[PDB]
Amino acid sequence: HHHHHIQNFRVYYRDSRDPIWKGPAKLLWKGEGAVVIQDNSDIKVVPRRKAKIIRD
Amino acid sequence: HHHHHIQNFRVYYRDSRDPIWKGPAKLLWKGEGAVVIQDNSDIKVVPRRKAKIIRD
Amino acid sequence: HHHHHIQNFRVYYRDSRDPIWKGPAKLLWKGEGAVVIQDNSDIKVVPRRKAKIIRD
Ligand code: NI
């Protein structure tokens, strides 16, 4: 069981109540108001406002 | 590998063809017509009509 | 931890840059422009244009 990340996509994300950006994370899904990322072994939901998707 | 749940959100869900509600479950994703929940070690997709999302 | 597939749904999917169809895969989620499938132990995101969802 493994969640293959969207190729050529890295995300920097801001956890609630912390201005420091974390990453780079892998993008697993992109919704209307949030995105799913995998930071190493942690998969989290991040509102788009707290995400910086970066193409490659 | 772990799916971190949406904080301050618990869901009660109705499996197809069973009126009894199950839960409380953790909310992992919220779409237009369905929601993703994690009931212990089981992650399932539940139509919004069969879900009771409860904020905290 | 397990991702229960949408019942009565099998998907055939085309990986980017390969015309050969793979499957059958299990449907885990259905979005606006893409779908989430599980091909054995691999969970991938597939644009709807590269997916053949088949009801049962
Ligand atoms: Ni998983």
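Residues numbered from 1 in each chain as written, not as in the entry; some residues may be left out. Chains lettered and ligands numbered in written order. Heavy atoms only, no water.

Under the PDB entry, chain A has the name Pol protein and belongs to Human immunodeficiency virus 1. This structure appears in the PDB under the title "Crystal Structure of the C-terminal domain of the HIV-1 Integrase (subtype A2)".

A. Expanded view of the sheet that holds strand β5 (residues 42-47) of chain C. Read across the sheet, six strands follow the order β1(A)-β5(C)-β4(C)-β3(C)-β2(C)-β6(C) without closing on themselves; strand pairing throughout is mixed. Across the chains shown, the open sheet's two edge strands, defined by having one partner strand only, are β1 (2-3) of chain A together with β6 (51-55) of chain C. Pairing of strand β3 (residues 22-30) of chain C with strand β4 (residues 34-39) of chain C, which is carried by four bridges, proceeds in the antiparallel orientation. Bridge pairing in β4 of chain C links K26 of chain C to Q38 of chain C. (Pairing = 2+ DSSP bridges. Helix = DSSP H or I, 4+ residues; strand = E, 2+ residues; numbered from the N terminus.)

B. Structural detail: the interface of chain A and chain B. Counting from both sides, the interface comprises 14 residues of chain A and, opposite them, seven residues of chain B. Here chain A packs against chain B, burying approximately 810 Å² in sum over the two surfaces, 64% of which is carbon and sulfur. It is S41, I43 and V45 of chain A that lose the most area in chain A upon contact with chain B, and together they represent 49% of the buried surface on that side. Our enumeration of links across chain A and chain B arrives at zero salt bridges. (Contact = heavy atoms within 4.5 Å. Buried area = accessible area lost by both parts, 1.4 Å probe. Salt bridge = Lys/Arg side-chain N within 4 Å of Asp/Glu carboxyl O.)

C. Region of interest: the UniProt feature "DNA-binding region" (unreviewed entry) in chain A. Within this structure's numbering, the places UniProt gives as "DNA-binding region" (unreviewed entry) are residues 9-56 of chain A. Between the end C-alpha atoms of residues 9-56 of chain A the distance is 6 Å, and the span holds 0% helix and 65% strand. (UniProt positions renumbered as here; feature names shortened; annotations may be inferred.)

D. View of the coordination of the nickel ion. Only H1 of chain A (NE2), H3 of chain A (NE2), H1 of chain B (NE2), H3 of chain B (NE2), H1 of chain C (NE2) and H3 of chain C (NE2) from the protein reach the nickel ion as donors, at distances of 2.0 to 2.7 Å. Between the six donor atoms coordinating the nickel ion, the angles at the centre fall across 72 to 167°, so the site counts as irregular. Separated into two different chains, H1 of chain B in the segment before β1 (2-3) and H1 of chain C in the segment before β1 (2-3) make up a pair that spans both. A relative accessible area of 40% means that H1 of chain B is categorised as partly exposed. (Donors = N, O, S within 2.8 Å, 3.2 Å for Na, K, Ca; no water. Tetrahedral: all angles 85-135°; square planar, octahedral: opposite > 155°, others 65-115°. Buried < 20%, exposed > 50% of the residue type's maximum accessible area, 1.4 Å probe, protein only.)

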